[PDB]
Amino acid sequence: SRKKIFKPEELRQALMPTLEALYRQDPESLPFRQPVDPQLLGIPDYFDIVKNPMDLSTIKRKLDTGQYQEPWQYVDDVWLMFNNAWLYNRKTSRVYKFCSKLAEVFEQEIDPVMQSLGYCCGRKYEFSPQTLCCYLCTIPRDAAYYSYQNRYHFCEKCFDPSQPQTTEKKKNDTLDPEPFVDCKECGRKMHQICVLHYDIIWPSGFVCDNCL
């Protein structure tokens, strides 16, 4: 019940250096300094594919007017901008490779900064894809396979006992967001894998090290 409230200036002063570190990159930040403009750039299908645009100058504006209540909302907007560019642009394009550079930079900046706002780290996604099971046989990362509605999986060399059975293609290269658990006292979202350990149990709810 002693919830942590971040004031705008606390967030701005801590996080703006991670944004400036992206803005610094030349030429890699140049497609990202201003909102995507589909008529000017002559890409009329952009908003058919990208439903929620995001860019460095919008993120800076939101930090400047205190529209972030807690720092993961900022991290989410950054990854939104990256994921928009990776989706819209082809793997071989300049814009895409620029995006992967900005991402590398951010992942190296964000952890100390999130730790100074009291968090475990600042990494949004899992390190590794989840080993999928082949319907004893399992599928490693990046391995190719066939799927149906996310449910049943088969390795390409193959392709509940009481449930009456009935009778596309992908690659296992996707990272899920790293799941969270809330501090019972301050309300901070921490990563389960960062703060929960095989030998500790939390009968009355997780409490982070700042609140202990």
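Heads up: residue numbers just count along the shown sequence, starting at 1.
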For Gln69, do at least a third of the other compared PDB entries give no atomic coordinates? no
Counting only other entries that model residues on either side of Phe32, is it left out in at least a third? no
Counting only residues that lack coordinates, how big is the gap in the deposited sequence between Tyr135 and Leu136? Pick none, 1 to 3, 4 to 9 or 10 or more. 1 to 3
Between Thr167 and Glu168, how many deposited residues lack coordinates (none, 1 to 3, 4 to 9, 10 or more)? 4 to 9
Is the mean CA B factor in the deposited entry higher across 77-85 or across 111-119? 111-119
Using the B-factors recorded in the PDB entry, average over the C-alpha atoms of 66-74 and of 143-151, then report which stretch comes out higher. 143-151
Specify which of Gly187, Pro177, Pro31, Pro161 carries the largest Cα B factor in the deposited PDB entry. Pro161
Chain third (lowest, middle, highest) by recorded CA B-factor, residue given as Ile59: lowest
Within this chain, which third does the Cα B-factor at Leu22 fall in: lowest, middle or highest? lowest
Among the modelled residues of its chain, the C-alpha B-factor of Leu40 falls in the third labelled highest
Sorting the chain's CA B-factors, does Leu196 end up in the lowest, middle or highest third? middle
Can you tell me which third, lowest, middle or highest, the CA B-factor of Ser93 falls into for its chain? lowest
